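Given next are the chains, with one letter for each unit.
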Amino acid sequence: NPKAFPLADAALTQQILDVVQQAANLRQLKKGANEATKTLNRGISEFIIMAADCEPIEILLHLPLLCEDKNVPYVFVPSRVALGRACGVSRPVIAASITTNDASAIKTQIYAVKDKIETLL
Amino acid sequence: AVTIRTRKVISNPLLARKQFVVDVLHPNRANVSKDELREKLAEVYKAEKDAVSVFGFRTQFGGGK
Amino acid sequence: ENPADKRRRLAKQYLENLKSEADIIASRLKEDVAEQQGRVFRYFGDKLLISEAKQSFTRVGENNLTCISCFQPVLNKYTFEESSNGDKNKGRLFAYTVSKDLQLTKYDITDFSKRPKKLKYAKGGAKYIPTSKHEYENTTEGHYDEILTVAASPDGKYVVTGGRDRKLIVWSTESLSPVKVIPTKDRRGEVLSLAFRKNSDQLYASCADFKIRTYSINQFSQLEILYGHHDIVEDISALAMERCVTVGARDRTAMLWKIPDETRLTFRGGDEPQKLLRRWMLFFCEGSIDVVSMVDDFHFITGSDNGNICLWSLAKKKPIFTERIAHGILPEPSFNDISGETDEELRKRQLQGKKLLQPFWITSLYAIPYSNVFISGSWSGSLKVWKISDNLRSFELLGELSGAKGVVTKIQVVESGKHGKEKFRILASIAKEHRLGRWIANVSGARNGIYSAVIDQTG
Amino acid sequence: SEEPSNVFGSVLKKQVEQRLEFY
Amino acid sequence: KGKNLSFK
Amino acid sequence: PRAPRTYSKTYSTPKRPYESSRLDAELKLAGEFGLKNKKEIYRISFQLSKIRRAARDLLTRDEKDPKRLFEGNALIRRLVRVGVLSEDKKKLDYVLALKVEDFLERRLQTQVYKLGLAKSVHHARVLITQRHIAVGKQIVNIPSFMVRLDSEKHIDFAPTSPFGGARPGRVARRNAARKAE
RNA sequence: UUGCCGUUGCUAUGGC
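Residues numbered from 1 in each chain as written, not as in the entry; some residues may be left out. Chains lettered and ligands numbered in written order. Part of a larger assembly, values for the part shown. Heavy atoms only, no water. Residues with missing side-chain atoms left out of burial classes, pairs and counts.

What the deposited record gives as its method is cryo-EM, and the resolution it gives is 5.17 Å.

Q: Hey, could you run me through the overall build of chain B in this one?
A: The helix and strand tally for chain B stands at one helix and two strands. Counting from the amino terminus, helix and strand elements in chain B follow one another as β-β-α. Reported as C-alpha extents along the three principal axes, the dimensions of chain B are approximately 40 × 20 × 15 Å. (Helix = DSSP H or I, 4+ residues; strand = E, 2+ residues; numbered from the N terminus.)

Q: Just checking my understanding: could you explain the overall build of chain A for this structure?
A: Scanning chain A from N- to C-terminus turns up five helices and four strands. For chain A, whose C-alpha radius of gyration is 13 Å, the value lies close to the compact-globule estimate of 14 Å for 121 residues. Here the analysis covers contacts within chain A between residues at least 6 apart in sequence; of these, 88% occur between residues at least 24 apart. (Rg over C-alpha atoms; globule rule 2.2 N^0.38 Å. Contact = heavy atoms within 4.5 Å.)

Q: Help me understand the interface of chain A and chain C, please; the structure alone is not making it clear to me.
A: Where interface size is quoted, it is often the accessible area lost as the parts come together. Counting residues at the interface gives eight residues for chain A, matched by seven residues for chain C. In terms of residue class, the side of chain A that touches chain C is built from seven nonpolar, one polar and no charged. (Nonpolar A, V, L, I, M, F, W, Y, C, P; charged D, E, K, R; others polar.)

Q: What is the right way to read the environment of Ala1 of chain B from this model?
A: Inspection of the secondary structure assignment puts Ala1 of chain B in the segment before β1 (2-12). Separated by 15 residues in the primary sequence, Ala1 of chain B and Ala16 of chain B have C-alpha atoms spaced 32 Å apart. With residues near it in sequence (within four places) discarded, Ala1 of chain B still touches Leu25, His26 and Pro27 of chain B, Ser221 and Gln222 of chain C together with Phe7 and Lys8 of chain E.

Q: What exactly am I supposed to notice about the sheet that holds strand β26 (residues 383-388) of chain C here?
A: To summarise the sheet geometry, strands pair through backbone hydrogen bonds and adopt either a parallel or an antiparallel arrangement. All names here are of chain C. Spatially, four strands are ordered β24-β25-β26-β27 in an open sheet, and the strand pairing comes out antiparallel. Every other strand in the sheet has two partners, leaving β24 (364-367) and β27 (395-401) as the edge strands with one partner each. Across the sheet, the mean angle from the axis of one strand to that of its neighbour is 25°, orientation sign disregarded. Relative to β26, strand β25 (residues 373-377) runs antiparallel, the two sharing four bridges. Across the sheet, residue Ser376 finds its bridge partner in β26, namely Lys384. (Pairing = 2+ DSSP bridges. Axes fitted to C-alpha atoms, helices over the stretch in contact; angles between N-to-C directions.)

Q: Honestly, the arrangement of the chains in this entry has me stumped. Any pointers?
A: Here chain C and chain E are not in contact; the least distance found between their C-alpha atoms is 7 Å. Contact between chain E and chain F is absent, and the minimum C-alpha spacing across the pair is 20 Å.

Q: Sorry, what's going on with the sheet that holds strand β2 (residues 17-25) of chain B here?
A: Pairing is antiparallel in the open sheet, where three strands are placed in the order β2(B)-β1(B)-β1(E). The open sheet terminates on both sides in strands that have one partner only, identified here as β2 of chain B together with β1 (4-7) of chain E. Within this sheet the neighbouring strands show an average axis-to-axis angle of 25°, counted without direction. Strand direction decides the pairing type here: β1 of chain B and β1 of chain E, joined by four bridges, are antiparallel. Across the sheet, the residue bridging to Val2 of chain B is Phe7 of chain E, located in β1 of chain E.

Q: Got a minute to help me understand unusual backbone geometry in this structure?
A: Generally, phi is negative for residues other than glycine and the peptide bonds are trans, each holding for most cases. In this structure, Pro6 of chain A follows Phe5 of chain A across a cis peptide bond, with omega equal to -5°. Note on placement: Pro6 of chain A falls in the segment before α1 (10-25). Of note, the amide linkage connecting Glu55 of chain A to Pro56 of chain A takes the cis form, showing an omega dihedral of -10°. Mapped onto the elements, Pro56 of chain A comes out in the loop between β2 (45-51) and α3 (62-70). Non-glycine residue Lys8 of chain B carries a positive phi angle of around 55°. Relative to the helices and strands, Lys8 of chain B is located in strand β1. Phi at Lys185 of chain C takes a positive value of approximately 60°, unusual for a residue other than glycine.

Q: Sorry, what's going on with the pairing of strand β17 (residues 243-247) of chain C here?
A: In regular strands, side chains alternate between the two faces of the sheet. All names here are of chain C. With three bridges joining them, strand β16 (residues 235-237) and β17 adopt antiparallel strand pairing. Across the sheet, the residue bridging to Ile236 is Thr246, located in β17. Joining the antiparallel neighbours β16 and β17 is a turn of five residues. Relative to strand β18 (residues 253-258), β17 runs antiparallel, the two being bridged by five bridges. Residue pairing in the sheet places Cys244 in a bridge with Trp257 of β18.

Have a look at this one:
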């Protein structure tokens, strides 16, 4: 019913906010909306995370359109402040993307959350 | 710097001494000679140098200790 | 006139002062050595008068003050000499502050009725950028990137500063002159917290490389490295003995180091909203542990980003007591801003009730050594003071100080006066943005300043 | 937005105007 | 319990 | 004649080494993981064979048996600790489903390539054999080291390494000097 | 009280 949908519960945000951090450390993370847009055009994203408190929220809703067109999972986290902190950047982040790499060291838990996010959808 | 630490200290008045295990950390240095240790131990325990014996030193693989 | 006689003279004068002040003499002498016995021996929380505290918020020059450090001289019983570096500094209280503007500033806080007065400062900049680009050549006299933390040597002879520039310079307290530069020797070992061993020269530094660095300030030489944290080490605290306690941030694990034995104790919270809600039949999952202050040699407290203040005992891995949402819930976003739709009801639907709401973070958490009281800080706009139970099994809210407005980066407490009657002054560095980064939305009324509050004891 | 408003459009332009003066 | 010293 | 001190072989020759698909498979495994010769492959296969044979024997036992429960739980615990077996597949049937490739990525060489410290498998082995890599406190020069989860989280360049913050190498300092002179 | 700019007392809080 809300434009923000689906919204992960408090537990799931923790595992989602987990994966993004190692992705940032492993250079497997793209931060910010326009980067997230680009990755969808190249089709190099497992899934993309968004903040539900984005000011305004309509700005990031174009990302859902791309994924469901491209059959990519997506999810919303309650706080952009928290999401940016996990991303490792000193500024709030409204949208982030995990890049495709079957050769990631953090492959296993990405597919783990990629399973839960799909169930959420 | 070089740091010297003593552990498992057992007073042995029967032999009239104190026995213990020496752990020396020496970053950026090959190792420490026995005389240098005996010096440090002598000031640490407030005893004469001649009353200090040190032996059986093995540096860990990779160095530094 | 041998030194033993001098000690005898100083000891004799010391006893005469105690006799003039006053069974009682025997008790005070025991208290003079209570610190060696690592137990809480300072029960004065009930005697504190929060309501009559004289609050003041002295501002400062630089933007985004990151840390403050206070130096209090203490008389040494073993030699009967004050910790003051020089005769001029006898009974002079000093506070040192740094910001993200690469400037270290010292202030004089001897007078509680009066307020901190600037004495000297040193400012860094692009002049100090290293040309070599190899780490070990990071021996430049000044800062060239943000400053995060400060520690003042208990001898009052040195103050040490660190930040995101992967280095540690120690400055002379009197002139703020850099005497030595200690590179961290890691590409990503950026200093995050500095804690000194009380009444001692050992410094413990927590860095962004997941490691703790132990230094000897007099020898100006590195001693040992501590590995074992699985994420950045945000905070570190110490007391007279070498049990430094640290927090691993997103690893969500508080960790105590026995340096002499080369052994460590692991502490984890492990709280889940599901069980908490069922036992109730808004609780937020703890995200990271950002602050730690060790109340006692066998006890310590931590602050989480879910607004949870947790008490710990070395015997038990799990927290013994928890205070959920200590600083409250962040104000909800405005409906006129959440959505661009004209219809208000459409905008209200985007607020999603209370799901979006999140708690304040515990930006600061400080406990007075071996005492029954500790202070917490956030950007809620008020400093909360708590008292631990006599059994050290739970704590309660003693009061609040609403003078501070902005993020409470870091807190200190200083006391003055006679043993029975002691006046307590709380110094808290206040900024407009969080120390580690600029994530926080600009808080209305937030100001970059040092908050000061003098509290009196009566009863 | 099914029924877009101009409240955000106003402030965004004001943000641009501040940038224009700065440069 | 032992003792600790540092030099050079 | 002192009672003999126990020793064991860590590998066994395959039943038919020359079968074509087997040669192609070992080629693939070695190139993916940069193995020096087939002997590592045989060692890993022998270890997997022992482990999964134990798993099969335990499965043959009826459920709720003290032996099945005890040794099965021990094997599952060891396998998850080494990182081979995922936390959510803690059952003997999944232990039966293991493959040599899994142990192969659990080789330290794979992780040092993998985390971004090295661009390639062979560069990774070069870094390991050259004492540029540290697990926690300890410098490791063995590419075959089997990494635990706590261990893989702590992989880094060693402090003494020129890449870990030490002074430049003999070659670098030599060239810098000759440039100075 | 403050890098700057104000208000409020004779001290306390508003803006970048």
